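Undergrad: Pasting a structure here, questions to come.
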Protein chains: 2
Amino acid sequence: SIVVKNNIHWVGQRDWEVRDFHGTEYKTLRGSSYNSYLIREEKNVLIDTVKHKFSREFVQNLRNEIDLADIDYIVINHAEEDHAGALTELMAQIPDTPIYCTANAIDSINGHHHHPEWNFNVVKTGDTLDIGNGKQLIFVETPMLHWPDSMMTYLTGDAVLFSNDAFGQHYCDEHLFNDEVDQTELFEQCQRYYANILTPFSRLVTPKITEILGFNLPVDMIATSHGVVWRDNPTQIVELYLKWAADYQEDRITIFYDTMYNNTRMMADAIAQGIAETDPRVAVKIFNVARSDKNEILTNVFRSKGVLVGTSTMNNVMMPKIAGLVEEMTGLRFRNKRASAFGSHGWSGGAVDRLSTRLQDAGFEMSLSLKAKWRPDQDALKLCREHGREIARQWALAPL
Amino acid sequence: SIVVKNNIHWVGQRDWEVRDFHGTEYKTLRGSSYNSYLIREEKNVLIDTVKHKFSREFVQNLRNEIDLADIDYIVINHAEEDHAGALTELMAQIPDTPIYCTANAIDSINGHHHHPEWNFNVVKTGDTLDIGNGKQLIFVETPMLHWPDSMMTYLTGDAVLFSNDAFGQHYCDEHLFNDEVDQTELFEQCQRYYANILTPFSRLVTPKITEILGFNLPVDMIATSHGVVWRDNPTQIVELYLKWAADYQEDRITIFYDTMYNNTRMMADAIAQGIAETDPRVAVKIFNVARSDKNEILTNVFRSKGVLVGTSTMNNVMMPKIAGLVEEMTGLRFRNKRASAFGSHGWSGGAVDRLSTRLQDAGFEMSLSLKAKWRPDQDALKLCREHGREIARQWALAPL
Ligand SMILES: Cc1cc2nc3c(=O)[nH]c(=O)nc-3n(C[C@H](O)[C@H](O)[C@H](O)COP(=O)(O)O)c2cc1C
Ligand SMILES: Cc1cc2nc3c(=O)[nH]c(=O)nc-3n(C[C@H](O)[C@H](O)[C@H](O)COP(=O)(O)O)c2cc1C
Ligand SMILES: [Fe+3]
Ligand SMILES: [Fe+3]
Ligand SMILES: [Fe+3]
Ligand SMILES: [Fe+3]
Ligand SMILES: [O]
Ligand SMILES: [O]
């Protein structure tokens with residue numbers, strides 16, 4: 001194990017090979033980690049666990065650190081499989097150990113493990129737990145961040161905020177602290193995390209952070225359930241969350257599409273040029289949804305002021321990958337963004353209008369659509385380049 | 001080149017490496033071919049071409065077979081890129097050569113190539129073209145099979161029906177004739193082709209085949225644009241098309257789903273058991289949409305009497321891959337099929353009802369949904385197994 005601070009010991013699990021989270025909806029390109037902590041004062045407290053597949057390693061490593069019978073309290077900030085998956089394995093050795101968690105946590109913990117006979121202790125915001133030596137744990141309820149059972153645990157004296165998922169990122173490294181890792185790679189994974197997971201709950205992030213800051217509690221470190229431990233200016237990740245939650249957007253336009261014969265692709269490239277030559281301030285990214293990483297697309301959309309989505313008509317409907325991605329954006333609930341649909345068709349078409357409607361349903365302020373028949377000739381590409389001009393002038397953050 | 005029959009020479013292109021058709025919406029696991037034919041009587045006629053990427057090889061191989069200036073007529077049964085892609089390359093050497101095709105073909109050919117100065121000859125059903133030696137070509141319009149410009153060309157005397165896409169399949173082999181290849185692999189690719197491409201136009205297949213059979217024209221061979229040439233009982237592929245077009249279905253149920261933590265998967269496996277123990281006559285297939293081949297899924301759905309689609313609730317909506325696949329099935333327009341939605345949720349759910357509605361929009365006759373919270377315990381799995389029982393009894397093709 002690794003010493004986090006004083007009597008705080010990291011007993012989690014690094015996952016270098018992991019590439020798929022939430023099934024296949026979140027690609028972890030730089031691996032991930034599952035942070036579990038063992039506090040050893042007068043009382044011994046285990047905070048969260050690890051993935052189920054590493055349950056055997058978790059219990060064995062935990063034995064080498066401390067006798068399982070000497071563990072007093074178990075804390076579950078979150079009952080998702082990647083944090084409470086090894087719970088059943090552990091409770092088999094110490095079934096009488098009390099479990100501190102939220103009321104919703106009992107529903108989620110029992111929902112996965114089916115061991116309601118366990119000794120649960122429902123906690124709510126303001127509740128405290130003495131561990132001796134003048135130190136105590138303070139619990140803060142954070143429902144829908146990102147789960148109904150989510151909560152944070154604060155350790156007095158050491159000033160360590162166990163935030164679980166919050167302020168975490170999927171980044172695997174042998175070093176434990178934020179000031180010991182690559183800053184660029186760290187920022188990319190942090191932003192990648194919020195944009196794909198916490199975006200729809202942005203309206204709850206600001207008020208909750210304000211509430212926690214209102215407690216006037218000192219924060220020396222922020223120990224999340226994923227990635228590094230924030231010790232050097234740990235409040236920096238909290239500030240980013242404040243910015244990201246405020247309907248974050250840069251002067252950027254993201255264009256993505258699906259194509260069978262590149263007709264729609266040629267439209268996208270023409271649109272980008274029309275934008276770039278109209279507003280040099282705007283950064284432009286283009287992705288083929290079939291050839292690109294879905295999570296990178298969503299991260300840019302989160303950063304963008306507006307997007308253009310392209311699709312060709314296939315059997316009177318839009319292409320499946322485009323339909324699927326739009327369905328996903330509807331769940332993320334992006335705010336204060338604009339959208340414009342485009343694409344090519346053969347005869348009757350109809351996929352472009354279909355897509356435009358669903359983008360509006362997803363919450364985007366819709367501009368006019370751009371349509372073309374078969375492969376665009378020189379005259380058609382002028383219109384597509386013109387469409388980019390019209391979009392750039394409309395979506396301008398400032399004059400000129 | 002290879003001799004098909006008498007003065008008919010195959011001048012197409014085999015594609016062993018090809019794995020993606022229509023972008024990435026049709027996986028060609030056994031490669032494919034692009035059949036082009038050169039008829040050499042008193043007149044010389046080229047029927048269709050090949051993919052654009054093989055244009056340089058096509059024109060070069062064609063030169064070795066015949067002088068390009070000695071080619072009298074060019075026939076385009078279909079103006080899709082995989083058949084008329086090398087047209088521009090060829091017309092650059094012989095721009096004065098007449099092109100025979102449908103009225104819609106001119107719109108599609110010009111739409112891709114942008115060379116309207118070419119000498120087009122609009123043809124319609126019943127039109128003939130003399131090539132000498134008592135032989136002539138007969139044109140038959142087949143709109144929406146699968147394109148508005150689609151048509152077939154019949155050669156009298158030799159009794160060869162150039163059907164283009166119709167009765168074709170994506171199967172690459174060094175041997176040219178159907179009686180020279182693996183029959184099982186051939187049938188799989190043929191059924192795979194119709195189910196994924198021609199399903200929505202099934203209402204047009206029967207009447208068109210009836211019309212062609214009404215001409216009382218002899219059929220010795222059927223030369224398609226993809227795969228083998230039917231010479232040994234060539235009308236066998238036509239009979240399959242008659243069966244497949246009549247809202248084809250076996251006593252079979254296809255179950256597919258997407259899952260983040262296998263909760264929905266455990267429901268699917270439980271449902272399958274409940275069905276298998278209720279109706280042994282039914283064949284059952286199960287697929288994870290994230291781990292399976294999309295085209296194999298659609299082929300089974302085409303063969304099935306009904307399907308069960310599973311999804312967990314993710315951000316108040318369904319999983320993208322499931323939403324995307326449902327969008328695709330809506331375009332295929334399956335008929336006389338039944339559907340039942342299921343899936344797991346965390347708290348409020350809603351993805352199951354959402355999916356069930358879209359399945360009904362896709363044309364499926366909807367049965368009751370099956371829902372579960374978190375991971376199903378023993379009592380929950382009984383319900384899922386019970387749901388399979390209720391589905392099996394309802395979807396029974398015959399009593400008991
Ligand atoms: C399988 C298939 C289905 C199609 N269905 C339609 C359709 O329903 N309506 C339409 O107007 N065009 C249809 N088309 C024509 C395409 O939309 C047309 O070729 C388009 O310009 C190509 O789009 P792309 O940018 O993806 O290459 C279809 C084409 C294919 C290959
Ligand atoms: C990222 C994420 C989002 C979720 N969103 C919802 C939701 O909006 N509504 C709900 O009832 N449950 C939600 N859940 C809980 C899951 O539906 C629950 O864990 C389910 O039982 C797992 O489904 P599975 O079969 O794919 O593993 C969510 C879970 C995750 C991981
Ligand atoms: Fe989580
Ligand atoms: Fe997590
Ligand atoms: Fe075609
Ligand atoms: Fe084809
Ligand atoms: O998590
Ligand atoms: O085709």
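Convention: chains lettered A, B, ... in structure tokens order; per-chain residue numbering from 1; ligands numbered from 1 as shown.
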Within 6 Å of ligand 7, counting only C-alpha atoms and all ligand atoms: which residues, as number ranges by chain?

TA: A: 80, 82, 165

Undergrad: Kindly compile the residues surrounding ligand 8 within 10 Å, counting only C-alpha atoms and all ligand atoms, and format them as a short mmCIF file (atom, residue, chain, number, x, y, z; two decimals) with C-alpha atoms, in the first residue's frame.

TA:
data_model
loop_
_atom_site.label_atom_id
_atom_site.label_comp_id
_atom_site.auth_asym_id
_atom_site.auth_seq_id
_atom_site.Cartn_x
_atom_site.Cartn_y
_atom_site.Cartn_z
CA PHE B 21 -19.91 -1.89 -47.77
CA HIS B 22 -22.16 1.18 -47.62
CA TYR B 34 -17.84 -6.75 -59.09
CA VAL B 50 -16.46 -2.00 -61.38
CA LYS B 51 -15.44 -0.13 -58.23
CA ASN B 77 -28.04 -1.51 -65.10
CA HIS B 78 -27.20 0.43 -61.95
CA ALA B 79 -25.27 3.63 -61.26
CA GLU B 80 -23.93 2.86 -57.78
CA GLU B 81 -20.21 3.42 -57.20
CA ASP B 82 -19.40 -0.30 -57.02
CA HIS B 83 -20.64 -0.86 -60.58
CA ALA B 84 -20.29 2.46 -62.41
CA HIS B 146 -32.95 -1.48 -54.96
CA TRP B 147 -32.51 1.92 -56.62
CA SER B 150 -32.10 -0.13 -61.32
CA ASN B 164 -27.04 -6.60 -61.46
CA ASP B 165 -27.69 -6.47 -57.70
CA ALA B 166 -30.69 -8.81 -57.86
CA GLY B 168 -26.41 -11.44 -56.18
CA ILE B 197 -30.64 -4.72 -48.52
CA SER B 225 -23.05 -7.84 -60.46
CA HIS B 226 -21.90 -9.57 -57.27
#

Undergrad: Pick out each residue of segment 77-275 of chain A that DSSP on the backbone tags as strand (DSSP E or B); I need them as a PyMOL selection string.

TA: chain A and resi 99-101+120-122+128-132+135-141+151-155+160-164+177+221-224+229-230+252-257

Undergrad: Could you give me, as a PDB file with C-alpha atoms, in the first residue's frame, every polymer residue with an atom at most 6 Å away from an atom of ligand 2, counting only C-alpha atoms and all ligand atoms?

TA:
ATOM      1  CA  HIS A  22     -20.049   1.427 -18.778  1.00  0.00           C
TER       2      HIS A  22
ATOM      3  CA  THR B 259     -25.497  -3.812 -21.265  1.00  0.00           C
ATOM      4  CA  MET B 260     -23.180  -1.912 -18.928  1.00  0.00           C
ATOM      5  CA  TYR B 261     -23.080  -4.312 -15.975  1.00  0.00           C
ATOM      6  CA  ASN B 262     -24.677  -7.469 -17.401  1.00  0.00           C
ATOM      7  CA  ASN B 263     -27.952  -6.928 -15.524  1.00  0.00           C
ATOM      8  CA  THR B 264     -29.886  -6.830 -18.798  1.00  0.00           C
ATOM      9  CA  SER B 312     -30.712  -0.472 -19.557  1.00  0.00           C
ATOM     10  CA  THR B 313     -31.580   3.124 -18.709  1.00  0.00           C
ATOM     11  CA  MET B 314     -28.637   5.460 -19.256  1.00  0.00           C
ATOM     12  CA  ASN B 315     -29.317   9.136 -18.563  1.00  0.00           C
ATOM     13  CA  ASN B 316     -33.092   8.654 -18.825  1.00  0.00           C
ATOM     14  CA  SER B 344     -32.805  -3.078 -16.165  1.00  0.00           C
ATOM     15  CA  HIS B 345     -32.808   0.338 -14.487  1.00  0.00           C
ATOM     16  CA  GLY B 346     -31.384   2.115 -11.448  1.00  0.00           C
ATOM     17  CA  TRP B 347     -34.117   4.333 -10.024  1.00  0.00           C
ATOM     18  CA  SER B 348     -36.582   6.085 -12.342  1.00  0.00           C
ATOM     19  CA  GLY B 349     -35.733   4.144 -15.497  1.00  0.00           C
ATOM     20  CA  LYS B 373     -34.191  -3.039 -10.855  1.00  0.00           C
ATOM     21  CA  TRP B 374     -30.410  -3.426 -10.603  1.00  0.00           C
ATOM     22  CA  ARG B 375     -29.192  -7.029 -10.681  1.00  0.00           C
TER      23      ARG B 375
END

Undergrad: With a distance cut-off of 6 Å and only C-alpha atoms, select the neighbouring residues of segment 248-258 of chain B, excluding the residue or stretch itself and same-chain residues fewer than 2 positions from it, and output the selection as a PyMOL selection string.

TA: chain B and resi 244+246+282-289+301+303-311

Undergrad: Would you output that residue set with N, CA, C and O atoms, as an mmCIF file, in the first residue's frame?

TA:
data_model
loop_
_atom_site.group_PDB
_atom_site.id
_atom_site.type_symbol
_atom_site.label_atom_id
_atom_site.label_comp_id
_atom_site.auth_asym_id
_atom_site.auth_seq_id
_atom_site.Cartn_x
_atom_site.Cartn_y
_atom_site.Cartn_z
ATOM 1 N N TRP B 244 -38.472 -15.239 -49.635
ATOM 2 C CA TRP B 244 -37.951 -14.203 -48.750
ATOM 3 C C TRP B 244 -38.803 -12.937 -48.792
ATOM 4 O O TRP B 244 -38.896 -12.209 -47.803
ATOM 5 N N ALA B 246 -42.049 -12.769 -49.253
ATOM 6 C CA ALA B 246 -43.393 -12.978 -48.726
ATOM 7 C C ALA B 246 -43.431 -12.872 -47.204
ATOM 8 O O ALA B 246 -43.981 -13.743 -46.531
ATOM 9 N N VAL B 282 -39.127 -23.671 -31.244
ATOM 10 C CA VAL B 282 -38.518 -22.379 -31.538
ATOM 11 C C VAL B 282 -36.996 -22.405 -31.425
ATOM 12 O O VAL B 282 -36.443 -22.925 -30.457
ATOM 13 N N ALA B 283 -36.326 -21.841 -32.426
ATOM 14 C CA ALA B 283 -34.881 -21.653 -32.376
ATOM 15 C C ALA B 283 -34.566 -20.277 -31.799
ATOM 16 O O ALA B 283 -35.169 -19.280 -32.193
ATOM 17 N N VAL B 284 -33.620 -20.224 -30.866
ATOM 18 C CA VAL B 284 -33.321 -18.979 -30.168
ATOM 19 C C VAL B 284 -31.877 -18.523 -30.359
ATOM 20 O O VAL B 284 -30.937 -19.297 -30.169
ATOM 21 N N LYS B 285 -31.715 -17.259 -30.736
ATOM 22 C CA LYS B 285 -30.399 -16.650 -30.879
ATOM 23 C C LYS B 285 -30.287 -15.416 -29.992
ATOM 24 O O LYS B 285 -31.219 -14.618 -29.904
ATOM 25 N N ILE B 286 -29.141 -15.263 -29.337
ATOM 26 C CA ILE B 286 -28.916 -14.128 -28.449
ATOM 27 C C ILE B 286 -27.647 -13.378 -28.836
ATOM 28 O O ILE B 286 -26.606 -13.988 -29.080
ATOM 29 N N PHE B 287 -27.739 -12.053 -28.890
ATOM 30 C CA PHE B 287 -26.607 -11.227 -29.289
ATOM 31 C C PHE B 287 -26.447 -9.991 -28.412
ATOM 32 O O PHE B 287 -27.419 -9.293 -28.126
ATOM 33 N N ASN B 288 -25.218 -9.726 -27.987
ATOM 34 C CA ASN B 288 -24.887 -8.429 -27.418
ATOM 35 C C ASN B 288 -24.509 -7.501 -28.566
ATOM 36 O O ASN B 288 -23.534 -7.748 -29.275
ATOM 37 N N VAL B 289 -25.288 -6.439 -28.749
ATOM 38 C CA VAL B 289 -25.118 -5.551 -29.896
ATOM 39 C C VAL B 289 -23.737 -4.906 -29.930
ATOM 40 O O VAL B 289 -23.254 -4.508 -30.990
ATOM 41 N N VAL B 301 -33.145 -11.539 -37.371
ATOM 42 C CA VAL B 301 -34.401 -10.814 -37.206
ATOM 43 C C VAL B 301 -35.294 -11.018 -38.423
ATOM 44 O O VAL B 301 -36.508 -11.180 -38.298
ATOM 45 N N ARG B 303 -35.238 -13.607 -40.269
ATOM 46 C CA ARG B 303 -35.648 -15.006 -40.238
ATOM 47 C C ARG B 303 -36.606 -15.298 -39.088
ATOM 48 O O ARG B 303 -37.289 -16.321 -39.084
ATOM 49 N N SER B 304 -36.656 -14.393 -38.116
ATOM 50 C CA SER B 304 -37.408 -14.634 -36.889
ATOM 51 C C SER B 304 -38.878 -14.246 -37.015
ATOM 52 O O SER B 304 -39.245 -13.405 -37.835
ATOM 53 N N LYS B 305 -39.713 -14.874 -36.192
ATOM 54 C CA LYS B 305 -41.132 -14.547 -36.127
ATOM 55 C C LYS B 305 -41.355 -13.357 -35.203
ATOM 56 O O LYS B 305 -42.353 -12.645 -35.312
ATOM 57 N N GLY B 306 -40.410 -13.151 -34.291
ATOM 58 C CA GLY B 306 -40.463 -12.037 -33.364
ATOM 59 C C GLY B 306 -39.144 -11.879 -32.634
ATOM 60 O O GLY B 306 -38.326 -12.797 -32.610
ATOM 61 N N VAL B 307 -38.933 -10.710 -32.038
ATOM 62 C CA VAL B 307 -37.689 -10.441 -31.329
ATOM 63 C C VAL B 307 -37.926 -9.822 -29.958
ATOM 64 O O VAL B 307 -38.982 -9.244 -29.698
ATOM 65 N N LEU B 308 -36.934 -9.951 -29.085
ATOM 66 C CA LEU B 308 -36.938 -9.257 -27.805
ATOM 67 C C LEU B 308 -35.705 -8.368 -27.709
ATOM 68 O O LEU B 308 -34.576 -8.844 -27.819
ATOM 69 N N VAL B 309 -35.928 -7.076 -27.503
ATOM 70 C CA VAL B 309 -34.834 -6.115 -27.463
ATOM 71 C C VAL B 309 -34.641 -5.593 -26.047
ATOM 72 O O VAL B 309 -35.583 -5.111 -25.417
ATOM 73 N N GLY B 310 -33.413 -5.689 -25.551
ATOM 74 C CA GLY B 310 -33.115 -5.287 -24.190
ATOM 75 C C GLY B 310 -32.220 -4.068 -24.118
ATOM 76 O O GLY B 310 -31.336 -3.879 -24.952
ATOM 77 N N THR B 311 -32.456 -3.237 -23.109
ATOM 78 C CA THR B 311 -31.630 -2.063 -22.874
ATOM 79 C C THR B 311 -31.772 -1.579 -21.438
ATOM 80 O O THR B 311 -32.851 -1.650 -20.851
#

Undergrad: Excluding segment 41-48 of chain B and its own-chain neighbours fewer than 4 positions away, which residues fall within 6 Å of it when counting only C-alpha atoms? Please give them as a ChimeraX atom specification.

TA: /B:36-37,71-76,83,131-132

Undergrad: Let me see the file: selected residues, N, CA, C and O atoms, as a compact mmCIF listing (two decimals), in the first residue's frame.

TA:
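Contents of selection17.txt, freshly written:
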# COMPACT_ATOMS: atom_id res chain seq x y z
N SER B 36 -18.43 -7.51 -64.37
CA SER B 36 -18.63 -6.77 -65.60
C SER B 36 -18.51 -7.74 -66.77
O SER B 36 -17.69 -8.66 -66.74
N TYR B 37 -19.32 -7.54 -67.81
CA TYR B 37 -19.38 -8.50 -68.90
C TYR B 37 -19.16 -7.85 -70.26
O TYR B 37 -19.64 -6.74 -70.52
N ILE B 71 -15.52 -1.14 -78.91
CA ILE B 71 -16.69 -1.27 -78.05
C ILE B 71 -17.81 -0.38 -78.57
O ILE B 71 -17.64 0.84 -78.69
N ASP B 72 -18.95 -0.98 -78.88
CA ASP B 72 -20.06 -0.26 -79.48
C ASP B 72 -20.98 0.38 -78.45
O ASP B 72 -21.26 1.58 -78.51
N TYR B 73 -21.46 -0.42 -77.50
CA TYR B 73 -22.42 0.07 -76.52
C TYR B 73 -22.00 -0.23 -75.08
O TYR B 73 -21.41 -1.27 -74.80
N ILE B 74 -22.31 0.71 -74.19
CA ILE B 74 -22.09 0.51 -72.76
C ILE B 74 -23.42 0.50 -72.03
O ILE B 74 -24.23 1.42 -72.19
N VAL B 75 -23.66 -0.53 -71.23
CA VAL B 75 -24.92 -0.67 -70.50
C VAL B 75 -24.72 -0.51 -69.00
O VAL B 75 -23.88 -1.18 -68.40
N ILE B 76 -25.51 0.37 -68.40
CA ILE B 76 -25.46 0.58 -66.96
C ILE B 76 -26.78 0.20 -66.30
O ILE B 76 -27.72 1.00 -66.26
N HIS B 83 -20.36 -0.30 -59.26
CA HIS B 83 -20.64 -0.86 -60.58
C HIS B 83 -20.36 0.13 -61.70
O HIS B 83 -20.01 -0.26 -62.81
N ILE B 131 -27.52 -6.76 -81.51
CA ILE B 131 -26.07 -6.88 -81.47
C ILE B 131 -25.57 -7.78 -82.59
O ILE B 131 -24.37 -8.06 -82.69
N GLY B 132 -26.49 -8.22 -83.44
CA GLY B 132 -26.15 -9.03 -84.60
C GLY B 132 -26.23 -10.52 -84.33
O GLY B 132 -26.45 -10.95 -83.20

Undergrad: Name all residues at most 9 Å from residue 154 of chain A (count only C-alpha atoms; drop same-chain ones fewer than 3 positions away) and give them as a list in words.

TA: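 In the requested format, the answer is residues 136, 137, 138, 139, 140, 159, 160, 161, 162, 163, 217 and 219 of chain A.
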
Undergrad: Please list as a PyMOL selection string every residue within 9 Å of residue 295 of chain B, counting only C-alpha atoms and excluding residues in the same chain fewer than 5 positions away.

TA: chain B and resi 25-27+192+195-196+300

Undergrad: Write out as an NGL selection string each polymer residue whose atoms come within 10 Å of residue 55 of chain A, counting only C-alpha atoms; drop sequence neighbours fewer than 4 positions from it.

TA: :A and (13 or 49-51 or 59-61 or 84-90)

Undergrad: Can you write out the residues you just picked, keeping N, CA, C and O atoms, as a compact mmCIF listing (two decimals), in the first residue's frame?

TA:
# COMPACT_ATOMS: atom_id res chain seq x y z
N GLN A 13 -6.56 -0.28 -6.52
CA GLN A 13 -6.09 -1.14 -7.60
C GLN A 13 -5.90 -0.37 -8.90
O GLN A 13 -6.82 0.32 -9.37
N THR A 49 -14.24 0.25 -1.96
CA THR A 49 -13.45 -0.90 -2.35
C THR A 49 -12.95 -0.77 -3.79
O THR A 49 -12.53 0.31 -4.21
N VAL A 50 -13.01 -1.86 -4.55
CA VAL A 50 -12.55 -1.86 -5.93
C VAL A 50 -13.45 -2.70 -6.83
O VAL A 50 -14.48 -3.22 -6.40
N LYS A 51 -13.04 -2.83 -8.09
CA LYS A 51 -13.76 -3.64 -9.07
C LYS A 51 -13.89 -5.08 -8.60
O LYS A 51 -13.06 -5.58 -7.84
N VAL A 59 -8.78 -8.17 -1.26
CA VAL A 59 -8.88 -8.76 0.07
C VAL A 59 -7.53 -9.27 0.55
O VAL A 59 -7.20 -9.17 1.74
N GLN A 60 -6.74 -9.82 -0.37
CA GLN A 60 -5.42 -10.34 -0.03
C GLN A 60 -4.46 -9.22 0.34
O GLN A 60 -3.74 -9.31 1.33
N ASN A 61 -4.45 -8.17 -0.47
CA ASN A 61 -3.61 -7.00 -0.19
C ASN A 61 -4.02 -6.32 1.10
O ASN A 61 -3.19 -5.80 1.84
N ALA A 84 -17.71 -0.76 -5.26
CA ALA A 84 -18.28 -1.63 -4.24
C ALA A 84 -18.42 -3.06 -4.75
O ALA A 84 -19.14 -3.86 -4.17
N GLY A 85 -17.72 -3.37 -5.83
CA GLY A 85 -17.80 -4.69 -6.45
C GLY A 85 -17.22 -5.80 -5.60
O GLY A 85 -17.69 -6.93 -5.63
N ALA A 86 -16.18 -5.47 -4.83
CA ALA A 86 -15.51 -6.46 -3.99
C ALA A 86 -16.09 -6.50 -2.58
O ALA A 86 -15.51 -7.10 -1.68
N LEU A 87 -17.24 -5.86 -2.41
CA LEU A 87 -17.88 -5.77 -1.10
C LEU A 87 -18.31 -7.14 -0.59
O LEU A 87 -18.08 -7.49 0.57
N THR A 88 -18.95 -7.92 -1.46
CA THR A 88 -19.42 -9.26 -1.11
C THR A 88 -18.27 -10.17 -0.68
O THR A 88 -18.40 -10.93 0.27
N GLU A 89 -17.16 -10.08 -1.40
CA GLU A 89 -15.97 -10.86 -1.08
C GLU A 89 -15.43 -10.51 0.30
O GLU A 89 -15.01 -11.39 1.05
N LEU A 90 -15.46 -9.22 0.64
CA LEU A 90 -14.95 -8.74 1.92
C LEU A 90 -15.89 -9.09 3.07
O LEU A 90 -15.44 -9.52 4.14

Undergrad: Check the smallest atom-to-atom distance from each of B:103, B:198, B:109, B:66 to ligand 6 using only C-alpha atoms and all ligand atoms, then report the winner.

TA: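 Among the listed residues, the smallest separation from ligand 6 belongs to B:198.
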
Undergrad: Report, in Å with one decimal, the straight-line distance from atom CA of residue 63 of chain B to atom CA of residue 224 of chain B.

TA: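 Straight-line distance from atom CA of residue 63 of chain B to atom CA of residue 224 of chain B works out to 22.6 Å.
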